[PDB]
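Single chain ahead, written as structure tokens, the form deposited without its partner chain.
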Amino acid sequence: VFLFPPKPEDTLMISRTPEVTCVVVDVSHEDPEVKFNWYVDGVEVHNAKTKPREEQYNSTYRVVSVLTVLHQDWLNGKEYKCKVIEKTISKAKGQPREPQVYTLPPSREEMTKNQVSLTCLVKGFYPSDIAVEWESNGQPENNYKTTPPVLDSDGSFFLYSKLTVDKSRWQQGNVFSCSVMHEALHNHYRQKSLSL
């Protein structure tokens, strides 16, 4: 039994739906039926949905149960238990740290190419639950990738977000904004601009 936490961006963005996943493995053919009992801080709920079983290569079934949760509950540190084996996960306990957002312009050597990369460094935050978005002139970007949180030496986490845009746009003096959402932020939001 494995109890996975909701996606970091799903617990911050109200437009998405955070889910707690309970993956059960090594299920026997003699006993395929698996009963799931979810508990939110003790109180038993019944709004969980179970996905159809999938036979693995090692002749075992893989039963997965999904429980949709609220954004406020997880952020406040609600205790979620999965009774199959009784696993239990929750929000990362510990003193929250404010992230430091730094936007970085493309390297001079990258100007030789047709497309440049915009860098947004976010460091010194806790916990690792975070969401990063890019936007330009109000309209959001789509061609960007963000690295998973990395545990730094001081106990906090950090990551990077790379936006790829045409060199023409960057040379025309356009303004790109790096949006960061985190628990220990004012209004759970911080933004930094970047232009030539």
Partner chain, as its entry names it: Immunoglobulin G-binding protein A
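Positions refer to the first chain, counted from 1.
Per the record, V84 and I85 are separated by a gap of 4 to 9 residues from the deposited sequence that were not modelled. For the pair 158-166 and 33-41, the mean Cα B-factor is higher in 33-41. Relative to its counterpart among 58-66 and 130-138, 58-66 has the higher mean temperature factor, C-alpha atoms as listed in the PDB entry. In the PDB entry, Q171 places in the middle third of its chain by CA B-factor.
When all modelled residues of the chain are sorted by CA temperature factor, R97 is found within the lowest third. Among the modelled residues of its chain, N47 has a C-alpha B-factor that falls in the highest third according to the deposited record. In the deposited entry, the Cα temperature factor of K123 places it in the lowest third of its chain's modelled residues. In this PDB entry, the Cα temperature factor of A184 sits in the bottom third of its chain's modelled residues, the lowest group.
The following text describes the form deposited with its partner chain bound, which does not appear among the structures shown.
Within 4.5 Å of some heavy atom of its partner chain in the bound PDB entry lies at least one heavy atom of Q72. Among residues of the shown chain, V24 is not one whose heavy atoms approach its partner chain to within 4.5 Å in the bound PDB entry. With contact defined as any non-hydrogen atom lying within 4.5 angstroms of its partner chain in the bound PDB entry, the contacting residues in 161-188 are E183, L185, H186, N187, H188, given in sequence order.
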